[PDB]
Structures are given as structure tokens and as C-alpha cells.
Amino acid sequence: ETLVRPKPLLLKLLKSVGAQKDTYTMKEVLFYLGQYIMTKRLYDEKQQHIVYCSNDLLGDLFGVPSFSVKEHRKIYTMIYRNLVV
Ligand SMILES: [Cl-]
Ligand SMILES: [Cl-]
């Protein structure tokens, strides 16, 4: 629905997986973040709901070493640290 504005570092992350936008819906941000996690194989192959990001740009942006995709409240707070509200 509403548009969101990634901060510069998150924008570079999104573009690095082929996004060609500066302005996004939240749905699009999640779409490209998922593609980033997939393409960089940040999830554990045997526990695919767990993302390990402590040595990746994503960890610097989200401010955690790892997270579970089941933790949606936490994921939204981590994404919003990276949006210009
Ligand atoms: Cl930034
Ligand atoms: Cl975790």
C-alpha cells in the first residue's frame, strides 16, 4: 500500500540483488530481502527458517548476528531501523 524509503545502505543491499528502484512498498522490500537471503545462502541449510548474518551487511543493518523468520515483530523493527520514516 504505502511506500517506504530505504536508507542508503539498505538501498545498496536491495539493488545488489537486482532491484532497480529507490522507492518501494513494504511488500517489495520484503521480496528483495528474501531474494538477498536466498542468493547469499544466509539461512542454515538444515534449519532453513534461521538466518545467520553476523558477517554480512545484513547483520550490520539489522543489528543482530542471527534471527528466525518466525520472529515477525523483530524483523519489522529491524527493517524499520533502515527506513526513512
Ligand atoms: Cl544507512
Ligand atoms: Cl537466532
Side-chain angles (χ1 to χ4, degrees):
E1 280 226 10
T2 82
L3 293 192
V4 296
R5 291 180 275 142
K7 288 181 184 181
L9 221 33
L10 176 63
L11 194 52
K12 292 228 152 292
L13 185 153
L14 300 173
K15 292 186 172 183
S16 85
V17 286
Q20 294 186 102
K21 286 177 144 194
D22 292 349
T23 305
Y24 292 74
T25 59
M26 179 63 89
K27 190 187 186 180
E28 296 170 320
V29 172
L30 290 172
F31 171 79
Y32 288 109
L33 278 172
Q35 284 192 261
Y36 181 89
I37 290 166
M38 292 173 72
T39 57
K40 299 197 75 181
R41 305 284 205 285
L42 296 180
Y43 58 89
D44 178 349
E45 185 62 25
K46 305 302 151 142
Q47 293 274 261
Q48 295 211 1
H49 57 286
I50 304 179
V51 178
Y52 291 92
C53 51
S54 67
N55 307 301
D56 192 88
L57 178 60
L58 178 65
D60 297 339
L61 296 188
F62 273 15
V64 297
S66 61
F67 63 94
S68 167
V69 307
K70 302 305 187 172
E71 308 182 272
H72 301 179
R73 290 190 302 277
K74 183 184 288 178
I75 293 165
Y76 280 103
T77 68
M78 296 188 297
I79 294 173
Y80 268 98
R81 287 173 60 84
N82 292 281
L83 297 177
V84 187
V85 182

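Numbers for residues simply follow the sequence, beginning at 1. Heavy-atom basis, side chains included; hydrogens, waters and symmetry copies ignored.
In this structure, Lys7 NZ and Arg81 CZ are separated by 8.0 Å, a value rounded to the nearest 0.5 Å. If you take CD on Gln47 and NE2 on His49, they are separated by 4.5 Å, rounding to the nearest 0.5 Å. Here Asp56 contributes atom CG and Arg41 contributes atom CZ; the two are 13.5 Å apart, rounded to the nearest 0.5 Å.
Here the side chain of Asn82 pairs a donor or acceptor atom with the backbone of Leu61 at under 3.5 angstrom. The main-chain N or O of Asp22 is never found under 3.5 Å from a side-chain atom of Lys15 such that the two would form a donor-acceptor pair.
Side-chain contact between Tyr43 and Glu45 is present, with heavy atoms from C-beta onward closer than 4.5 Å. At least one side-chain heavy atom of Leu42 sits under 4.5 Å from a side-chain heavy atom of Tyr36. Counting heavy atoms from C-beta on, the side chains of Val17 and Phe31 never come closer than 4.5 Å. You'll find the side chain of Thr25 reaches within 4.5 Å of the side chain of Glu28, heavy atoms only. Looking at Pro6 and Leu83, their side chains come closer than 4.5 Å, going by heavy atoms from C-beta outward.
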side-chain contact (heavy atoms from CB on, under 4.5 Å) between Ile79 and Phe62, intermediate numbers included: CA-CA 7 Å; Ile79 294 173; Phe62 273 15; 3.8 Å; yes
side-chain contact (heavy atoms from CB on, under 4.5 Å) assessment of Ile75 paired with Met78: CA-CA 5 Å; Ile75 293 165; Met78 296 188 297; 3.9 Å; yes
Evaluation steps, side-chain contact (heavy atoms from CB on, under 4.5 Å), between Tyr24 and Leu11: CA-CA 10 Å; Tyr24 292 74; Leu11 194 52; 3.5 Å; yes
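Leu30 and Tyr32 fall within a single hydrophobic cluster, where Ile, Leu, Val, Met, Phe, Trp and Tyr are joined by side-chain heavy atoms under 4.5 Å apart, directly or via other members. Note on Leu13 and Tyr76: same hydrophobic cluster, where clusters join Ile, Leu, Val, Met, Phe, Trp and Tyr whose side-chain heavy atoms are under 4.5 Å apart, directly or indirectly. Follow the hydrophobic side-chain contacts under 4.5 Å out from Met38 and you never reach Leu58; the two are in separate clusters. No path of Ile, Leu, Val, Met, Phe, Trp and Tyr side chains, each step under 4.5 Å between heavy atoms, connects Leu3 with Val85, placing them in separate hydrophobic clusters.
Closest approach of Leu9 to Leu57, counting heavy atoms only: CG-CD1, 3.9 Å.
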